[PDB]
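Reading the structure
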Amino acid sequence: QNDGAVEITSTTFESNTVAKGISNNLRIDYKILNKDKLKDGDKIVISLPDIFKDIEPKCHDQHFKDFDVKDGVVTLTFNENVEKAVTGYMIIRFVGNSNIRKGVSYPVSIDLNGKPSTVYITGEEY
């Protein structure tokens, strides 16, 4: 996922499993490669299945001018005024909800301006 303005270098969950009432964090490592190629509306979109309570993005507010959570879709909007090329990371904090079923593979899509990727986390019940 590299459009010349931005590269997503890594997308990793703290744990490969998710459970009701248990925290997991998604970490997204990125580089702003070329601030001059950024445009207002450039974004990372994370689409989640309905297995989370408490979706909370954490980011560098000079790299992302806004973030929004709506109906399981997290939008991170790049700051087109970022001062310079930079390496960073952001986190989506998650808590599982009671919809989680043991062994079920849940897709999480991470899209850099419609350049897509999918990672999978599996349900656990305790």
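X-ray crystallography is the method the PDB entry lists for this structure, together with a resolution of 1.55 Å.

**Describing the overall build of the protein chain**
Helix and strand counts for the protein chain come out as zero helices and ten strands. For 126 residues, the compact-globule formula gives about 14 Å, and the C-alpha radius of gyration of the protein chain, at 15 Å, lands near that figure. Expressed as lengths along the three principal axes of its C-alpha atoms, the size of the protein chain is roughly 50 × 20 × 20 Å. Split into buried and exposed, the 126 residues of the protein chain put 39% on the buried side.

**Considering the sheet that holds strand β2 (residues 17–18)**
The strand order β2-β10-β9-β4-β7-β6 describes an open sheet built from six strands, whose pairing is mixed. Edge strands, defined here as strands with exactly one partner in the open sheet, are β2 and β6 (64–70). Bridge analysis of β2 against strand β10 (residues 115–123) gives two bridges, and the strand direction is parallel. Its bridge partner being in β10, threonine 17 is matched across the sheet by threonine 122.

**Side note on the packing of aromatic side chains**
Tallying each qualifying case throughout the model produces five aromatic pairs. Considering the side-chain rings of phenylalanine 13 and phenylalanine 94, the 5.8 Å spacing of their centres and the 35° angle between planes classify their relative orientation as tilted. Residue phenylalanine 13 is found in strand β1 (residues 6–13), and its partner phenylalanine 94 is found in strand β8 (residues 86–96); the two are separated by 81 residues along the sequence. Residue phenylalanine 13 shares its accessibility class with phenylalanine 94, and that shared class is buried.

**Some words on the pattern of salt bridges**
With the rule as written, the count across this model stands at seven salt bridges. One salt bridge connects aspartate 36 with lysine 35, and the closest N-O pair in it is separated by 2.9 Å. Take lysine 35: its relative accessible area is 32%, and that puts it in the partly exposed class. Residue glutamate 124 pairs with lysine 102 through a salt bridge whose shortest N-O separation is 2.9 Å. Within this pair, whereas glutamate 124 is found in the segment after β10, its partner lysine 102 is found in the loop between β8 and β9 (105–112), the two being separated by 22 residues in sequence. According to the relative accessible area criterion, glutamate 124 is buried, its value standing at 17%. Residue classification places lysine 102 among the exposed residues on the basis of a relative accessible area of 54%.

Calculation notes
- Residues numbered from 1 in each chain as written, not as in the entry; some residues may be left out.
- Heavy atoms only, no water.
- Helix = DSSP H or I, 4+ residues; strand = E, 2+ residues; numbered from the N terminus.
- Rg over C-alpha atoms; globule rule 2.2 N^0.38 Å.
- Buried < 20%, exposed > 50% of the residue type's maximum accessible area, 1.4 Å probe, protein only.
- Pairing = 2+ DSSP bridges.
- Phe/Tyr/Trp six-rings, centres within 6.5 Å; stacked < 30°, edge-to-face > 60°.
- Salt bridge = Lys/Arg side-chain N within 4 Å of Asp/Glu carboxyl O.

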